[PDB]
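K.L.:
Quick one: experimental structure and sequence below.
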Amino acid sequence: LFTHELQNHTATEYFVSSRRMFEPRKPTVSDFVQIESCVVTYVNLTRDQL
Amino acid sequence: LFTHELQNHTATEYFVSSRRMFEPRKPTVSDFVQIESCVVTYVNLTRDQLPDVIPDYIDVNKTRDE
Ligand SMILES: *[C@@H]1O[C@H](CO)[C@@H](O[C@@H]2O[C@H](CO)[C@@H](O[C@@H]3O[C@H](CO[C@H]4O[C@H](CO)[C@@H](O)[C@H](O)[C@@H]4O)[C@@H](O)[C@H](O[C@H]4O[C@H](CO)[C@@H](O)[C@H](O)[C@@H]4O)[C@@H]3O)[C@H](O)[C@H]2NC(C)=O)[C@H](O)[C@H]1NC(C)=O
Ligand SMILES: *[C@@H]1O[C@H](CO)[C@@H](O[C@@H]2O[C@H](CO)[C@@H](O[C@@H]3O[C@H](CO[C@H]4O[C@H](CO)[C@@H](O)[C@H](O)[C@@H]4O)[C@@H](O)[C@H](O[C@H]4O[C@H](CO)[C@@H](O)[C@H](O)[C@@H]4O)[C@@H]3O)[C@H](O)[C@H]2NC(C)=O)[C@H](O)[C@H]1NC(C)=O
Ligand SMILES: *[C@@H]1O[C@H](CO)[C@@H](O)[C@H](O)[C@H]1NC(C)=O
């Protein structure tokens, strides 16, 4: 999962692709998992922005 | 994903299986992905027939409104 550019001009769009092919596509819920532990590197988002 | 026979006698049942094992089973929503582009070869279905091909699919507004 990557973000194309940054929020510098409000472009916080997230896309998912393989590590060899460049196919930016919208992610799906079933592709993710839930973890009880968090790290510093993870962005601290909220329910409204989900 | 394959369809056993055709609609000739109303048998448009869809099943999913591996390419070596013949295990016809009902598909699951998590097994598909959504694409913004379409081709000629893809069947042009509608929302009403979505539960028929895939009963596992659920529409939020259809249930909430009624
Ligand atoms: C989204 O938001 C979360 C929550 O804030 C961010 O996660 C980090 O959360 C921690 C805890 O709230 C923030 O505080 C940092 O804690 C680090 C580890 O905890 C230690 O805390 C004390 C003090 O360091 C230690 O004695 C104790 O043993 C723990 O090990 C610390 O390493 C950080 O210390 C930094 O600042 C102090 C001054 O306060 C300096 O003295 C240190 O040398 C060091 O520079 C800090 O206390 C932490 O700030 C949060 N991270 C960030 C980046 O803010 C997520 O990171 C955040 N996500 C994003 C994308 O921003
Ligand atoms: C479910 O429904 C969709 C929507 O109809 C079907 O997808 C096809 O959609 C196209 C666009 O609506 C239908 O029209 C065909 O377009 C093809 C490509 O577009 C060209 O259109 C013009 C005219 O050809 C070109 O100048 C332009 O540059 C585009 O490239 C064409 O190849 C088709 O042309 C055929 O008919 C004309 C006469 O109208 C002949 O002159 C041509 O030689 C050629 O034979 C056509 O115009 C297309 O019909 C739709 N496909 C089908 C099969 O109907 C899905 O296919 C459909 N799914 C199923 C399972 O049926
Ligand atoms: C689908 O949801 C929209 C709300 O975004 C609603 O206006 C519409 O009536 C719904 N349609 C059906 C068929 O449930």
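P.N.:
Great, that's in hand. Numbering: from 1, shown residues only, chains lettered A, B, ... in the order given. Ligands and ions are numbered 1, 2, ... in the order given.
K.L.:
From here on, just use CA atoms for contacts and neighbour counts.
P.N.:
Noted.
K.L.:
Distance from the chain centre to stretch A:6-23, please.
P.N.:
Chain-centre distance of stretch A:6-23: 8 Å, with C-alpha atoms, centre = their mean, to the nearest Å.
K.L.:
What's the end-to-end length of it?
P.N.:
Chord length of stretch A:6-23, first to last residue, is 19 Å (C-alpha to C-alpha, to the nearest Å).
K.L.:
buried stuff in that stretch?
P.N.:
residue A:16 (16 or more other C-alpha atoms under 10 Å in any protein chain shown).
K.L.:
Outside of it itself, list whatever touches it.
P.N.:
A:1-5, A:24-27 (C-alpha atoms under 8 Å, 6 or more residues apart in numbering or on different chains).
K.L.:
quick one: is it near ligand 1?
P.N.:
No. If you take C-alpha under 6 Å from any ligand atom as the test, stretch A:6-23 misses ligand 1, and the best it gets is 12.8 Å.
K.L.:
Just give me the neighbour total for whatever residue of chain A ends up closest to chain B.
P.N.:
Nearest residue of chain A to chain B, counting by C-alpha to the nearest C-alpha: residue A:30, 5.8 Å away. Residue A:30 has 11 neighbours, counted by other C-alpha atoms under 10 Å in any protein chain shown.
K.L.:
Spell out which residues sit in contact with it, please.
P.N.:
Listed by C-alpha under 8 Å, 6+ apart, the contact set of residue A:30 reads residue B:30.
K.L.:
how much space between it and residue B:28?
P.N.:
Separation of residue A:30 from residue B:28 (C-alpha to C-alpha) stands at 11 Å.
K.L.:
repeat for residue A:4
P.N.:
For residue A:4 relative to residue B:28 (C-alpha to C-alpha), the value is 31 Å.
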